[PDB]
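Chain residues, written in single-letter form:
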Amino acid sequence: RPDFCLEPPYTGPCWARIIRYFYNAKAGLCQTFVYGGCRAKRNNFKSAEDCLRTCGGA
Amino acid sequence: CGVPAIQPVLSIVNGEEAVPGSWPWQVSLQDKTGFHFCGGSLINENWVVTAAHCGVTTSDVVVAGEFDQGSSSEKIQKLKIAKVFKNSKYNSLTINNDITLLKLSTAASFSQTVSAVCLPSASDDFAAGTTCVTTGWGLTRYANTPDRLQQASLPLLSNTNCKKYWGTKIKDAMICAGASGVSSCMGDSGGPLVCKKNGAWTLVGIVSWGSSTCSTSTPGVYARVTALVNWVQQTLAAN
């Protein structure tokens with residue numbers, strides 16, 4: 001799986017409160033986190049499904 | 001516009017609870033489940049101005065006349081969004097031109113707690129040091145959002161002073177304010193930064209970005225409405 005899947009979630013500098021998903025390698029599942037709205041890193045998905053299909057098993 | 005039926009009491013991290021309904025143009029942008037993700041400002045009965053990075057869609061809703069998001073009995077107006085007009089010049093890399101207009105499916109019913117903020121003229125000059133106000137339901141500590149609407153008085157900063165911290169990240173459609181003991185924060189984006197123009201509260205900025213920890217000693221950055229208002233007027237006129 002891509003290495004970006006191992007990066008911690010990144011909220012960014014913008015001040016929105018948008019729910020996104022990131023893969024948590026420690027637990028093996030995608031979890032929710034608050035995204036600020038801009039400059040998203042790659043371990044940031046709009047759905048748990050997209051996240052699992054891209055990072056599952058990393 | 002710009003004249004609340006209920007006057008606010010002056011004197012977001014380190015801000016203060018607002019008088020219920022004293023910022024009648026403040027709206028809460030929520031998803032279909034009621035989750036607040038951004039703020040916004042009513043500019044008339046059919047349009048709301050917010051930030052482009054909020055990524056609003058027609059599935060989201062505009063909640064007007066709200067004060068306590070934790071109150072199920074509080075009377076509010078849940079308004080559907082007919083169309084979203086994101087400024088095509090919004091730069092997703094620099095965050096410049098961070099503004100979006102929302103056209104409501106059904107007009108908002110103006111009242112003592114729901115009305116519009118005034119828009120500035122492209123040529124208006126709000127001097128640095130001018131004390132303005134920003135409002136919203138963003139975090140009060142860098143964590144869940146406060147139930148009741150918050151407010152904070154803060155000074156506008158000159159581009160030169162803002163750049164002393166942010167350098168070249170400050171673009172022409174941005175205006176800074178804060179670094180004075182208060183700070184906008186997660187959940188405040190899209191909300192208003194208003195200053196008085198002939199006594200009427202006028203939209204000078206739209207909460208955009210800043211310190212990643214909402215530091216109160218760092219300049220907050222807002223979309224500069226004077227640099228984007230012509231786009232606003234043009235969009236309304238064509239729709």
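Determination of this PDB entry was carried out by X-ray crystallography to a resolution of 1.70 Å, according to the record.

Requested: an account of the domain arrangement of chain B, with residues and values cited.
All names here are of chain B. As assigned here, chain B comprises domain 1 (12-23 + 117-226) and domain 2 (24-116 + 227-237). Computed from C-alpha coordinates alone, the two centres of domain 1 and domain 2 are separated by 17 Å. If you look at the interface, domain 1 gives 39 residues, while domain 2 gives 38 residues. In total, about 2,900 Å² of surface goes out of reach between domain 1 and domain 2, with carbon and sulfur atoms giving 63% of it. The residue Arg-148 makes a salt bridge to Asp-68 at a minimum N-O spacing of 3.5 Å. In this structure, the connection of domain 1 to domain 2 is made through 20 residue pairs in polar contact. Contributions of two or more residues to the side of domain 1 that touches domain 2 are made by β8 (131-136), β11 (192-197), β12 (200-209) and β13 (219-224). Examining the composition of the side of domain 1 that touches domain 2, we find that six residues originate from one element, β12, more than from any other. For the side of domain 1 that touches domain 2, the residue count by class is 21 nonpolar, 11 polar and seven charged.

Describe the UniProt feature "disulfide bond" in chain B, with residues and values.
Residues and elements named next belong to chain B. Look at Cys-162 and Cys-176: UniProt pairs them in a disulfide, and at 2.0 Å between sulfurs the bond is present in this structure. Of the two residues, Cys-162 sits in helix α1 (residues 159-166) while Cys-176 sits in strand β10 (residues 174-178), which places them 14 residues apart along the sequence. Taken individually, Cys-162 and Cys-176 each receive the classification buried, so the pair is uniform in this respect.

Explain the UniProt feature "active site" in chain B residue by residue, including any values.
Per the UniProt record, "active site" is found at B:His53, B:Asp98 and B:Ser189. When you line up the elements, B:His53 lands in the loop between β4 (47-50) and β5 (61-64). According to the relative accessible area criterion, B:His53 is buried, its value standing at 4%. Setting aside residues no more than four positions away along its own chain, B:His53 makes contact with A:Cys14, A:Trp15, A:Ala16, A:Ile18, A:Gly36, A:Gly37, A:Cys38, B:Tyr90, B:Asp98, B:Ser189, B:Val207 and B:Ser208. Here B:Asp98 shows up in the loop between β6 (77-86) and β7 (100-104).

Conventions adopted
Residues numbered from 1 in each chain as written, not as in the entry; some residues may be left out. Chains lettered and ligands numbered in written order. Heavy atoms only, no water. Domains from an automatic or database assignment. Contact = heavy atoms within 4.5 Å. Buried area = accessible area lost by both parts, 1.4 Å probe. Salt bridge = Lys/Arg side-chain N within 4 Å of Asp/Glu carboxyl O. Polar contact = N/O pair within 3.5 Å; in protein donor to acceptor, adjacent residues only side chain to side chain. Helix = DSSP H or I, 4+ residues; strand = E, 2+ residues; numbered from the N terminus. Nonpolar A, V, L, I, M, F, W, Y, C, P; charged D, E, K, R; others polar. Disulfide = S-S within 2.5 Å. UniProt positions renumbered as here; feature names shortened; annotations may be inferred. Buried < 20%, exposed > 50% of the residue type's maximum accessible area, 1.4 Å probe, protein only.

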